[PDB]
Amino acid sequence: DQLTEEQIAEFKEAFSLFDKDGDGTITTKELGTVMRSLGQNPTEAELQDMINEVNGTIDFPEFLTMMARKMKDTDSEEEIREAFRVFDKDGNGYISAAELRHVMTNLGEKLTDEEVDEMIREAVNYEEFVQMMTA
């Protein structure tokens, strides 16, 4: 979905190195070992729930979908938090309301001036604005 090329490549490399020759069918213990080798450390109940969500053989598309559920979102949130501290001179996380209004008006697609002003008045930290936009 919203993954990166390097992440999918590493996942496929790990799946090909752990699984034997033949089809992509793996067992429950094999899936747990692949998850532990990939970097994730899920509990027993969480692993059982993820297995039930997808013979008991986990194929490549289901595994890629399970890996793309939250990793891409976390990476995007980290990238947004890193890029939000660019307009600030010192990057302390707090900026004036006029600067944020100008940034929202002159950037971020085409937005109406009245709507941008109303959104700025309804809303100091960038994380607070991100959480308000996510809500």
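Residues numbered from 1 in each chain as written, not as in the entry; some residues may be left out. Part of a larger assembly, values for the part shown. Heavy atoms only, no water. Residues with missing side-chain atoms left out of burial classes, pairs and counts.

Method of determination, as annotated in the archive: cryo-EM, at 3.8 Å resolution.

You'll find the protein entered in the PDB entry as Calmodulin-1, with Homo sapiens given as the organism. Of the protein, the UniProt comment under Sequence similarities reads exactly: "Belongs to the calmodulin family." (UniProt positions renumbered as here; feature names shortened; annotations may be inferred.)

Entries for the protein in the domain assignment read domain 1 (5-72) and domain 2 (85-134). Each of domain 1 and domain 2 has a C-alpha centre, and the two are 40 Å apart. (Domains from an automatic or database assignment.)

Moving on to the packing of aromatic side chains. Summarising the aromatic geometry, the rings of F15 and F60 are spaced 5.9 Å apart at their centres and angled 65° between planes, so their arrangement reads as edge-to-face. Taken together, a centroid distance of 5.9 Å and an interplanar angle of 35° make the contact between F15 and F63 tilted. An aromatic cluster of three or more residues is present, and its members are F15, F60 and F63. When the ring centre of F60 is taken as reference, the NZ or CZ atom of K12 above it lies at 4.9 Å. (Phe/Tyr/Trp six-rings, centres within 6.5 Å; stacked < 30°, edge-to-face > 60°. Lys NZ or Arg CZ within 6 Å of the ring centre and 35° of its normal.)

Put simply, helix α2 (residues 28-38) and helix α3 (residues 44-53) touch, their axes get as near as 11 Å, and they point 115° apart. Crossing hand, α2 versus α3: right-handed. Packed against α2, whose contacting residues are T28, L31, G32 and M35, the element α3 presents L47, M50 and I51 at the interface. Residue composition of the contact of α2 with α3, grouped by class: five nonpolar, two polar and no charged. (Axes fitted to C-alpha atoms, helices over the stretch in contact; angles between N-to-C directions. Helix = DSSP H or I, 4+ residues; strand = E, 2+ residues; numbered from the N terminus. Left-handed = near helix turned anticlockwise from the far one by under 90°. Contact = heavy atoms within 4.5 Å. Nonpolar A, V, L, I, M, F, W, Y, C, P; charged D, E, K, R; others polar.)

Of note in the backbone geometry, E109 takes a positive phi value of approximately 60° without being a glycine. Inspection of the secondary structure puts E109 in the loop between α6 (97-106) and α7 (113-122).

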